[PDB]
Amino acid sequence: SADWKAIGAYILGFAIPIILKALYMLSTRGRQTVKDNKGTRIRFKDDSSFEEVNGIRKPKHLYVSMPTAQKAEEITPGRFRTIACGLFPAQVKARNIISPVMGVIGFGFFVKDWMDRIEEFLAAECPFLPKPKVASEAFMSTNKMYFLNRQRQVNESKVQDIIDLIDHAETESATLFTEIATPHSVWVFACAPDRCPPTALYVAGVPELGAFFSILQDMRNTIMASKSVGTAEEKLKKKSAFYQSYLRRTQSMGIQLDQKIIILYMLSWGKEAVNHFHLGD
């Protein structure tokens, strides 16, 4: 599907404020800016985005295509959100841009002390590494060790287009990361990308983090559904499949998710995450 290399190169040529401006709009006010838009493309502008040509400043506009309906280069709002939440998560955090879709499963509170959480999680013993016995190999039986194993494993599943994208972004204004225990790794999902962002696909345990959030979404949906006025069917018929969606789309990028990591996230963090769902009112 999408040519993430080409799309990213285009987006990486703009000033950070206009990119984030459009990322804010399409994440929060998504369906309405499309409905309200006169014609063929969505045009974005911002005083940070210009070209000096030469005695005169010419504004430089960010275009995202209208998404009706049916190829590789085109920057739909979905592709734009997916790409940009991966390229600029430090800036997303700095501006505190959180999609309502993520806001209602309590993303804001969840990430509040992210570094402490992810370090606690990685320093914990991993139930899929047998077995400490001798408490001096203890460094070999931690989740962190499991993630090192995983990192070397996914390294085998890399596609060139995304390798190219990552390499290009590092020389630009992207705020990429290579490890999960960084302040900004979790912020690639703040705008509710419909799949793991391209540039994050090969950081161990990060695409599984997206899956974790997607399951919380389904969990919230299940909880909201039980207490809502429901043709007894139309309750089951307009259910949600966020996880199956995220799963299908992320794995279509040429990686298989580590289900065991997904299980460790859900069982480590699930209980307290549910306590921060917006239900609903």
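One rule holds for the numbers: they count along the sequence shown, beginning at 1.
- The entry models residue 54 and residue 55 with no unmodelled deposited residue separating them.
- Of the two segments examined, 207-215 and 139-147, it is 139-147 that shows the higher average Cα temperature factor in the deposited entry.
- The stretch 71-79 shows the higher mean C-alpha B-factor when 71-79 is compared against 117-125 in the entry.
- When the C-alpha B-factors of 244, 251, 221, 33 are ranked from the entry, the top spot goes to 33.
- In the PDB entry, residue 232 places in the highest third of its chain by CA B-factor.
- When the modelled residues of the chain are ordered by their C-alpha B factor, residue 102 lands in the lowest third.
- In this PDB entry, residue 15 carries a Cα temperature factor that places it within the highest third of its chain's modelled residues.
- When all modelled residues of the chain are sorted by CA temperature factor, residue 167 is found within the middle third.
- Annotation for residue 131: C-alpha temperature factor in the highest third relative to the rest of the modelled chain, per the entry.
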